[PDB]
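Here the structure comes first, spelled out in structure tokens, and everything after it is commentary.
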Amino acid sequence: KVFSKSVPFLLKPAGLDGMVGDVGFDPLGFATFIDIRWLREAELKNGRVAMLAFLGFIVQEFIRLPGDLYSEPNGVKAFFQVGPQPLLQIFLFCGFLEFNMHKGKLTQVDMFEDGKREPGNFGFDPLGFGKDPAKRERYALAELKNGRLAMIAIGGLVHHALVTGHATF
Amino acid sequence: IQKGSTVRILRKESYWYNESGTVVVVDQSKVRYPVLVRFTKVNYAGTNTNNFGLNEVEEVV
Amino acid sequence: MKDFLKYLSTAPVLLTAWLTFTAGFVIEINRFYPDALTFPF
Amino acid sequence: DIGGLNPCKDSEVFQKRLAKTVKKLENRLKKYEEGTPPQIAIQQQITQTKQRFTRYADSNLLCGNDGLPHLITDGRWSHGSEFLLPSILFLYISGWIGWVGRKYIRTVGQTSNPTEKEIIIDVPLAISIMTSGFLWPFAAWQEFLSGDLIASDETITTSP
Amino acid sequence: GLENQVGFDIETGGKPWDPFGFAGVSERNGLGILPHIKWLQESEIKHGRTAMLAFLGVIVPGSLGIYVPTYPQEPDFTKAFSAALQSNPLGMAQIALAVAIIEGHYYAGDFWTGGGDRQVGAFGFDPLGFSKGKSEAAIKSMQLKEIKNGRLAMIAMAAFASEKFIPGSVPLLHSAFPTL
Amino acid sequence: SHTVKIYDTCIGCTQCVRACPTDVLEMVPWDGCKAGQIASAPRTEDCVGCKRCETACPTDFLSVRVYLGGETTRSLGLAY
Ligand code: CLA
Ligand code: CLA
Ligand SMILES: CC(/C=C/C=C(C)/C=C/[C@@]12O[C@]1(C)C[C@@H](O)CC2(C)C)=C\C=C\C=C(C)\C=C\C=C(C)\C=C\[C@@]12O[C@]1(C)C[C@@H](O)CC2(C)C
Ligand code: SF4
């Protein structure tokens with residue numbers, strides 16, 4: 001028996017072999033009954049959204065926009081003060097982005113049905129970082145780790161605002 | 001038609017009328033209903049096979 | 001735990017779990033926002 | 001206004017109903033002692049009754065001669081939160097349910113043992129299909145266009 | 001089918017713009033319950049011509065102030081119909097009769113299931129020889145120009161109706177037609 | 001007495017004859033099926049109409065058909 005590298009008292013999970021964040025961490029075996037490509041796509045998207053949202057917290061409490069609506073240093077209270085109209089526009093824009101970036105196939109059964117789709121690979125690289133394949137793997141691992149850390153931190157900041165109410169500081 | 005062929009039942013008084021079945025064996029003797037067809041759906045009596053005539057089955061392309 | 005998980009995948013257990021979860025979130029919506037006769041918006 | 005009804009904010013019988021309910025609850029409250037859980041429960045009942053009546057008053061709700069909110073479901077968007085918006089919400093949810101059920105039926109209908117997978121659900125595949133129902137309006141008007149939504153003549157018919 | 005019909009240009013790539021596939025629903029289930037592509041194209045031509053005429057009829061009377069002598073001077077299309085219906089009933093009756101005769105002669109009812117002797121918006125009607133002798137590509141280009149102008153007029157009339165109903169729906173409208 | 005008819009869809013499996021409680025059906029020689037036998041109904045005066053005969057019929061829509069008709073003390077199953 002091999003046993004996992006992360007959880008040393010557990011057997012090595014299956015389906016994670018050719019990935020860019022494999023430390024053998026899957027005690028519940030989510031990769032066995034869920035497609036690993038979909039799981040990586042979801043992890044990357046959740047991580048990127050969490051990173052953007054954490055940066056949004058830190059900037060919002062600091063900078064903010066001119067106007068009476070955009071005057072709440074607290075993100076949770078800003079979600080309510082801003083009203084539904086600005087939020088629904090963000091929702092519709094995110095939907096438009098989702099549709100055009102995945103080119104129609106948006107669901108768990110439709111995406112990766114034909115393969116030829118690296119999980120999380122939207123081809124988005126205008127600044128050109130990533131031409132060298134040597135640093136590409138390191139950049140992918142850094143993105144994954146930062147995304148996970150940002151998921152934890154996004155939960156932390158949101159719940160700090162809920163239990164205190166003032167801000168993050 | 002032959003063994004393993006897919007046919008459509010043309011007999012109107014059939015639980016598998018307009019449906020497709022699999023031919024089990026076509027008898028070469030002088031019997032009236034030589035074609036034996038097996039279906040996936042059991043009829044109201046529980047059977048899933050029946051003998052059909054040559055003009056009561058239409059082979060699917 | 002290979003056949004126990006298959007037993008939990010049977011129709012009665014799955015229906016009971018799904019209906020219990022469904023009644024649960026319905027009852028909790030009606031606890032946190034009671035007496036909702038019209039759409040909140 | 002519509003149909004001879006009047007807003008509940010200006011309906012005297014509505015306020016009479018609220019006052020009578022509150023008075024009954026307070027009379028019930030009188031027969032218990034101090035800050036005991038029964039009094040707390042009755043006070044919560046009174047508070048919830050007042051909140052519900054206030055919300056119904058400030059809700060563009062039309063009340064009849066009995067002081068009860070009447071629903072205007074002719075289709076006008078003015079009273080759109082009474083029927084039309086809940087109608088859209090239910091249509092979305094029920095279409096989701098029907099779509100995921102149909103997709104599961106058609107998916108396990110092409111396996112070796114279709115009947116086995118109906119009493120013993122393939123929970124992985126079931127979860128895969130169920131979370132994909134959020135696009136049911138789009139999926140339905142992408143399968144109807146391709147002719148994959150409707151059968152034509154393989155459907156069975158009785159003798160006559 | 002849409003590949004060999006007039007109506008698509010560079011604005012929507014090179015392909016016929018049809019997000020909802022409405023041109024291909026006629027061949028779908030049912031003998032006929034949804035219109036054929038011929039009916040849809042005739043509806044194109046009719047709606048576009050009507051929209052162009054209506055744009056002229058809301059711009060010229062309402063803004064430029066030009067009025068038929070014995071007709072109400074109402075620079076408002078939401079009341080001009082009734083005002084002329086009372087003021088000059090005979091004129092409106094004759095207009096309705098002429099419209100009915102024109103449409104009955106050019107009936108498009110066999111277009112619903114596809115077929116008929118006429119073409120899409122044929123109508124004859126070439127008095128001043130604009131298509132007297134032309135190349136086939138030239139006639140197709142003129143038809144495409146007509147269809148696109150009809151679509152633009154449809155959009156303009158819809159914008160008029162929207163701004164009248166929901167104020168501020170078309171921002172530049174009142175700055176581009178300063179008078180009502 | 002009831003009427004019992006036999007149709008050439010008979011496969012001669014004898015299940016009708018051995019299910020008749022009143023000895024109405026019997027197997028007779030035939031050349032229309034593999035078994036070379038077909039059911040016959042020569043004693044329909046004893047037919048009671050219980051339709052056990054066509055409950056044991058394996059052919060698609062039956063090869064023995066019982067049409068209930070005029071009643072008799074034999075067909076009504078009257079021991080009195
Ligand atoms: C998950 C992302 C996310 C979400 C949902 C929000 C949501 C919100 N922000 Mg916000 N913000 C974000 C990220 C986000 N922010 C980031 C990363 C920054 C740093 C630039 C800011 C800086 C910021 C300021 C300064 C203010 C807000 C404010 C607000 C609120 C009102 C909407 C508004 O005016 O936004 C305006 C948001 C921006 C101008 C930021 C630009 C949008 C970012 C960059 C996301 C862009 C993603 C991109 C389009 C797609 C990626 C590429 C694609 C190929 C994947 C609303 C609650 C306002 C508020 O209520 O104050 C409390 C306000 O004053 N935000
Ligand atoms: C039952 C209704 C009905 C029927 C079957 C017909 C039949 C006919 N009409 Mg006609 N017409 C009708 C009503 C009707 N008309 C009405 C109300 C008018 C307006 C006054 C006209 C004006 C008219 C003209 C001007 C001409 C015809 C012509 C014709 C003939 C062939 C061309 C054609 O159909 O295009 C015309 C098509 C229409 C006018 C469409 C009418 C659509 C109707 C109104 C819909 C009714 C259906 C509805 C479900 C009925 C309800 C039943 C019950 C509930 C009451 C044909 C014999 C032509 C002719 O005579 O050929 C030599 C011609 O030139 N029609
Ligand atoms: C709990 C949590 C993470 C828990 C992580 C744990 C235990 C990790 C444990 C480990 O790492 C260690 C310790 C060691 C590792 O080696 C092993 C593991 C085991 C892996 C994240 C919560 C994360 C929670 C998140 C992200 C919640 C985000 C909430 C948002 C955005 C809410 C928005 C709103 O609330 C407002 C603002 C207004 C409302 O009215 C409307 C809405 C919209 C609802
Ligand atoms: S009824 Fe059927 S079973 Fe009973 S006797 Fe007549 S035939 Fe035999």
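By order of appearance in the structure tokens: chains A, B, ..., then residues from 1 within every chain, and ligands from 1 in the order shown.
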
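In plain terms, chain D touches chain E through residues 141, 142, 144, 145, 146, 147, 150, 151 and 152 of chain D, where touching means an atom at most 10 Å away, counting only C-alpha atoms.
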
Sel. of strand (DSSP E) residues, segment 1-140 of chain D, as JSON, numbers by chain: {"D": [6, 7, 62, 63, 69, 70]}

What does the file look like for those residues with N, CA, C and O atoms, as a PDB file, in the first residue's frame?
```pdb
ATOM      1  N   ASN D   6     -60.432  48.091  -1.544  1.00  0.00           N
ATOM      2  CA  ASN D   6     -59.718  49.240  -1.020  1.00  0.00           C
ATOM      3  C   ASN D   6     -58.414  48.780  -0.389  1.00  0.00           C
ATOM      4  O   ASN D   6     -58.311  47.633   0.060  1.00  0.00           O
ATOM      5  N   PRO D   7     -57.398  49.642  -0.358  1.00  0.00           N
ATOM      6  CA  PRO D   7     -56.135  49.261   0.282  1.00  0.00           C
ATOM      7  C   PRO D   7     -56.343  48.920   1.750  1.00  0.00           C
ATOM      8  O   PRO D   7     -57.158  49.533   2.442  1.00  0.00           O
ATOM      9  N   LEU D  62     -55.016  44.766  -1.450  1.00  0.00           N
ATOM     10  CA  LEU D  62     -56.388  45.248  -1.481  1.00  0.00           C
ATOM     11  C   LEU D  62     -57.243  44.387  -0.564  1.00  0.00           C
ATOM     12  O   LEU D  62     -57.198  43.155  -0.641  1.00  0.00           O
ATOM     13  N   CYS D  63     -58.011  45.037   0.301  1.00  0.00           N
ATOM     14  CA  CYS D  63     -58.865  44.361   1.265  1.00  0.00           C
ATOM     15  C   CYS D  63     -60.326  44.579   0.896  1.00  0.00           C
ATOM     16  O   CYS D  63     -60.705  45.664   0.444  1.00  0.00           O
ATOM     17  N   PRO D  69     -56.878  40.411   3.047  1.00  0.00           N
ATOM     18  CA  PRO D  69     -56.194  40.736   1.788  1.00  0.00           C
ATOM     19  C   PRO D  69     -56.710  39.881   0.643  1.00  0.00           C
ATOM     20  O   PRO D  69     -56.710  38.650   0.715  1.00  0.00           O
ATOM     21  N   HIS D  70     -57.150  40.546  -0.420  1.00  0.00           N
ATOM     22  CA  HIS D  70     -57.604  39.880  -1.630  1.00  0.00           C
ATOM     23  C   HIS D  70     -56.504  39.937  -2.684  1.00  0.00           C
ATOM     24  O   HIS D  70     -55.793  40.939  -2.800  1.00  0.00           O
TER      25      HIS D  70
END
```

task: May I ask you to write as a ChimeraX atom specification all residues lying at most 10 Å from ligand 4, with only C-alpha atoms and all ligand atoms counted?
output: /F:1-5,16-26,40-41,43-56,64-68,75

Env. residues ligand 1 / 7 Å / only C-alpha atoms and all ligand atoms / as an mmCIF file with C-alpha atoms, in the first residue's frame:
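File pocket-v6.cif, as written:
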```cif
data_model
loop_
_atom_site.group_PDB
_atom_site.id
_atom_site.type_symbol
_atom_site.label_atom_id
_atom_site.label_comp_id
_atom_site.auth_asym_id
_atom_site.auth_seq_id
_atom_site.Cartn_x
_atom_site.Cartn_y
_atom_site.Cartn_z
ATOM 1 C CA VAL A 49 -13.707 34.589 -7.062
ATOM 2 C CA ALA A 50 -12.532 34.478 -3.437
ATOM 3 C CA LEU A 52 -11.156 39.016 -6.166
ATOM 4 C CA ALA A 53 -13.653 39.307 -3.312
ATOM 5 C CA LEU A 55 -9.216 42.312 -2.664
ATOM 6 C CA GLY A 56 -12.644 43.907 -3.004
ATOM 7 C CA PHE A 57 -13.063 43.961 0.771
ATOM 8 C CA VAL A 59 -10.164 48.173 -1.337
ATOM 9 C CA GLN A 60 -13.797 48.906 -0.409
ATOM 10 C CA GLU A 61 -13.031 49.651 3.223
ATOM 11 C CA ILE A 63 -10.998 53.594 -1.162
ATOM 12 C CA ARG A 64 -14.737 53.413 -1.966
ATOM 13 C CA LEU A 65 -16.495 55.317 -4.796
ATOM 14 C CA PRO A 66 -17.996 58.818 -4.697
ATOM 15 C CA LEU A 69 -24.761 54.690 -2.094
ATOM 16 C CA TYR A 70 -21.055 53.784 -2.098
ATOM 17 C CA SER A 71 -20.231 55.002 1.398
ATOM 18 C CA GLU A 72 -20.123 51.880 3.586
ATOM 19 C CA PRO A 73 -16.684 50.683 4.772
ATOM 20 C CA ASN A 74 -18.306 47.376 5.807
ATOM 21 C CA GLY A 75 -18.723 44.961 2.909
ATOM 22 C CA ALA A 78 -22.446 47.679 1.654
ATOM 23 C CA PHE A 79 -24.201 44.676 0.103
ATOM 24 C CA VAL A 82 -25.901 49.539 -2.549
ATOM 25 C CA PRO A 86 -26.103 47.520 -8.889
ATOM 26 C CA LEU A 87 -25.942 43.925 -7.635
ATOM 27 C CA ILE A 90 -23.088 42.379 -11.558
ATOM 28 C CA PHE A 124 -6.862 34.355 -20.568
#
```

Residues up to 12 Å from ligand 2, counting only C-alpha atoms and all ligand atoms: could you list those as a JSON list (two decimals) with C-alpha atoms, in the first residue's frame?
```
[["chain", "number", "residue", "atom", "x", "y", "z"],
["E", 93, "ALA", "CA", -63.06, 54.96, -43.99],
["E", 96, "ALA", "CA", -59.28, 51.47, -44.38],
["E", 97, "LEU", "CA", -61.06, 50.34, -47.56],
["E", 98, "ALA", "CA", -57.94, 50.95, -49.66],
["E", 99, "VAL", "CA", -55.77, 49.04, -47.18],
["E", 100, "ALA", "CA", -58.22, 46.13, -47.14],
["E", 101, "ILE", "CA", -58.40, 46.00, -50.95],
["E", 102, "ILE", "CA", -54.61, 46.18, -51.30],
["E", 103, "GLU", "CA", -54.08, 43.36, -48.81],
["E", 104, "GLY", "CA", -56.87, 41.16, -50.17],
["E", 105, "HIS", "CA", -55.45, 41.40, -53.68],
["E", 106, "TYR", "CA", -51.97, 40.55, -52.34],
["E", 107, "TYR", "CA", -53.19, 37.83, -49.97],
["E", 108, "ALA", "CA", -50.44, 35.88, -48.20],
["E", 109, "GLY", "CA", -52.21, 32.88, -46.69],
["E", 110, "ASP", "CA", -50.54, 30.06, -48.58]]
```

message: Taking only C-alpha atoms and all ligand atoms and a cut-off of 7 Å, can you tell me which residues surround ligand 3, written as a VMD selection string?
response: chain A and resid 75 to 76 79 151 to 152 154 to 156 158

- prompt: chain B residues within 7 Å of chain D, counting only C-alpha atoms: which ones, as a list in words?
  reply: residues 12, 13, 17, 18 and 19 of chain B

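For segment 24-41 of chain B, the list of residues within 6 Å, based on only C-alpha atoms and with local chain neighbours fewer than 5 positions off taken out, reads residues 3, 48, 49, 50, 51, 52 and 53 of chain B; 32 and 33 of chain F.
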
query: Near residue 42 of chain A, within 12 Å and counting only C-alpha atoms, which residues show up once chain neighbours fewer than 4 positions away are dropped, as a ChimeraX atom specification?
result: /A:34-38,46-50,106-108,111,119-121,144,147-148
